[PDB]
Visitor: 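To start, I am sharing the structure in question, which I have written as structure tokens.
In what follows, every chain begins at residue 1, and chains take the letters A, B, ... in the order their sequences are listed.
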Amino acid sequence: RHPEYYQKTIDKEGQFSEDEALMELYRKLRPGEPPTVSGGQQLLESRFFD
Amino acid sequence: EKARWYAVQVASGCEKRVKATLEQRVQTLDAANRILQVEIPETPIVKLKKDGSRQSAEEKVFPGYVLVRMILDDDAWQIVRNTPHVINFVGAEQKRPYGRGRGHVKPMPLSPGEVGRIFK
Amino acid sequence: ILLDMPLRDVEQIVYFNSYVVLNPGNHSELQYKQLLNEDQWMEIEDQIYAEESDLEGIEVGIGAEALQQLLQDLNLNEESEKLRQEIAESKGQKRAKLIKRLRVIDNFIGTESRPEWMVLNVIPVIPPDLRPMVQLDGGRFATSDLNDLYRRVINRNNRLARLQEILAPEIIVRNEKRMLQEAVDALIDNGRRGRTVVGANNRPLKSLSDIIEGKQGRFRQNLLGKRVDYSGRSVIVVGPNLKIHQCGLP
RNA sequence: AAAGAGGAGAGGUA
DNA sequence: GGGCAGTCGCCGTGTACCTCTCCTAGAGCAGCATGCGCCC
DNA sequence: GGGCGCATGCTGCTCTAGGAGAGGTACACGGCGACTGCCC
Ligand SMILES: Nc1ccn([C@@H]2O[C@H](COP(=O)(O)OP(=O)(O)OP(=O)(O)O)[C@@H](O)[C@H]2O)c(=O)n1
């Protein structure tokens, strides 16, 4: 209902695609391990949807 | 060939199960080109029983590790690390960034001289 | 404090997470007591093993315990003189730190101790009557926590010795050394550094330091207070017609 | 001659 | 260079007494008593 | 039908182990000392 409030977050944090977002999620959730799109998808699915 | 030898840490008394499960998984996944052969080296040694006779039974030379010949790639690493009764690879440990617990272990192959020595 | 290094570097040399340069040799970038890494050590190994010249300075970089060697190279008198000279031309928080180090050094001169004694080669074992086994349970036996830790230490030591005897590859031996160090640490003080050893149920075991520590430790339970013989206890009622120095006993 | 060993939970009385 | 200010981890938190229960580890391997099939 | 031989479920001896999380997580509150950030 107030889209101009989220614009600050979008600007100061940058934009992501699906694959880039998944890679970032893997990077921050599992430090050290090599990032992978399928891996991050697996963490998301096993976390909030299984 | 880029297939190198690595050592994998497994559970106690769970090496035959790990070998069978890993070979079955790699066969059923059609990934036999990445992972070639797994092994548990053994050696028969005198095993003197109640009397003076030696049973000469086989015992493991590395009780707790299994050897794997494979090409180290990301996907094959993912399949290997997901096998049950497998703790982690053997290599160079790394410092955990934040919090407690273990870090990330970078695998390291056995040198040609060593792998020659173990394999007679 | 003695080695003049941050705690993180010392903790990384132990537990097999980094290398340390014990001898710079005739190199231009290497320094004494310099932390290295696996990739960097690989680069220096490639440089030295290229069969080239000017590098025959015997570079000794050993990533191990490697603390006994660093503590054996200390000369107390020379360092004492150097610190005393350097104290005067300093001020502020820079001075105080040096002062601290000086303190410790002079201690090791007063007691005529060796700084390398902080690394252990032999381990004492307590008498068996202070850790009883107990023969209840009909057919089973009672649980004592010191025995489990001693057994784990002995098992790891025997495995490491057997592996070292048959000339195993030197990537499996370091694993056994790390587990032996962790086992000894758990025996001495449980949970001080890393994870805690857990018994049957998710309940931590009792180490040697947990026997003398707190309100239920030896000091505050068995030495400053005791149970006694020739004692009784009972309910009290009111007795009139008594004298102020008298009491009634059943 | 012999005879109890510790530990962990839950609930009470001044 | 010189810090302020902020953050993270370790230490500590009254005294005596009474009763009830559950647990000393858990999985592999071989011995054994039982059930069922077989040949006369 | 009946004695005998083999398969099999039940159970006790043994040993060994002992690693590492799986997740049982997020969960008190104050005081003090030891690092680290981002600026003047
Ligand atoms: N947590 C507690 C509770 C009680 N007590 C002891 O028990 C007494 C309580 O006495 P009680 O008979 O319960 O109450 P009184 O205050 O004496 O009042 P009254 O007898 O009139 O009811 C306290 O004073 C104290 O000596 C204590 O030490 N600690």
Visitor: Please check, using ring centres under 5.5 Å and planes under 30°, whether the bases of D/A5 and D/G4 stack on one another.
Guide: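 As far as the 5.5 Å and 30° test goes, D/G4 does not stack onto D/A5.
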Visitor: Expressed as a whole number of Å, how far does the P atom of D/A3 sit from that of E/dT21?
Guide: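 To the nearest whole Å, 24 Å.
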Visitor: What pairs of residues pass the side chain to side chain donor-acceptor pair (under 3.5 Å) test when at least one of them lies in residues 17-33 of chain A, not counting sequence neighbours?
Guide: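 Output for this query lists A/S17-A/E20, A/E24-A/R27.
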Visitor: Check each residue of residues 178-187 of chain C for a non-hydrogen atom within less than 4.0 Å of any atom in DNA chain F, then write out the ones that pass by number, or none.
Guide: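 C/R178, C/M179 - these, ordered by number, are the residues of the stretch whose heavy atoms sit under 4.0 Å from the strand.
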Visitor: Suppose the criterion is side chain to side chain donor-acceptor pair (under 3.5 Å): which pairs have a residue in residues 87-105 of chain B, not counting sequence neighbours?
Guide: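 Every side chain to side chain donor-acceptor pair (under 3.5 Å) pair that includes a residue of residues 87-105 of chain B, provided the two are not neighbours, is B/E93-B/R102.
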Visitor: Identify every side-chain donor-acceptor pair in residues 212-222 of chain C under 3.5 Å, counting partners at least two apart or on other chains, and give the distances.
Guide:
from   : atom 1 : to     : atom 2 : distance (Å)
C/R218 : NH1    : C/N222 : OD1    : 3.4

Visitor: Which dot-bracket notation, 5' to 3', represents the base pairing of DNA chain F when pairs are defined as Watson-Crick or G-U with both distances under 3.5 Å, crossing pairs as [ ], and inter-strand pairs as |?
Guide: ||||||||||||||||............||||||||||||
Visitor: May I ask you to list the residues of residues 214-230 of chain C, by number, that have any heavy atom positioned under 4.0 Å from an atom of DNA chain E?
Guide: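 Per residue number, the list reads C/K215, C/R220, C/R227.
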Visitor: What integer number of Å spans the P atoms of E/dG9 and F/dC27?
Guide: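 It comes out at 14 Å once rounded to the nearest Å.
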Visitor: Give me, pair by pair, the N or O atoms of the protein and of nucleotides 1-12 of chain D that are less than 3.5 Å apart, along with how far apart they are.
Guide:
none

Visitor: Do NZ/NE/NH1/NH2 and the carboxylate oxygens of C/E170 and C/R174 come within less than 4.0 Å?
Guide: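 Looking at C/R174 together with C/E170, the answer is no, because their closest N to O distance does not fall below 4.0 Å.
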Visitor: Please list every donor-acceptor pair under 3.5 Å in which a side-chain atom of residues 141-152 of chain C meets a protein atom from a residue at least two apart or in another chain.
Guide:
from   : atom 1 : to     : atom 2 : distance (Å)
C/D145 : OD2    : C/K206 : N      : 3.3

Visitor: So do the side chains of C/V197 and C/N190 get within less than 4.5 Å of each other, counting heavy atoms only?
Guide: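 Of all side-chain heavy-atom pairs linking C/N190 with C/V197, at least one is under 4.5 Å.
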Visitor: Quick test of your reading: applying side chain to side chain donor-acceptor pair (under 3.5 Å), list the pairs with at least one residue in residues 58-87 of chain B, sequence neighbours left out, ordered by first then second residue.
Guide: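 Non-adjacent pairs meeting side chain to side chain donor-acceptor pair (under 3.5 Å): A/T36-B/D74, B/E15-B/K60, B/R34-B/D75, B/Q37-B/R69, B/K47-B/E59, B/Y65-C/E176.
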Visitor: Between atom CG in C/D145 and atom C1' in E/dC23, what is the gap in whole Å?
Guide: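 Value for this atom pair: 13 Å.
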Visitor: Name every residue in residues 147-161 of chain C that has at least one heavy atom under 4.0 Å from any atom of DNA chain F, in order of residue number, or write none if there are no such residues.
Guide: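 The answer is C/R151, C/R152, C/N155, C/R156.
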Visitor: Among residues two or more places apart or on two chains, list those pairs meeting side chain to side chain donor-acceptor pair (under 3.5 Å) that have a residue in residues 86-98 of chain C.
Guide: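 Of all non-adjacent pairs touching residues 86-98 of chain C, none passes side chain to side chain donor-acceptor pair (under 3.5 Å).
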Visitor: Just jot down the ring pair (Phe, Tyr, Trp, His ring centres under 6.0 Å) partners of B/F119, sequence neighbours excluded, or say none.
Guide: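 For B/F119 the ring pair (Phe, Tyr, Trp, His ring centres under 6.0 Å) partners, ignoring immediate neighbours, are B/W5.
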Visitor: When the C1' atoms of F/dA28 and E/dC10 are compared, how many Å lie between them, rounded to an integer?
Guide: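 Looking at atom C1' only, E/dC10 and F/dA28 are 16 Å apart.
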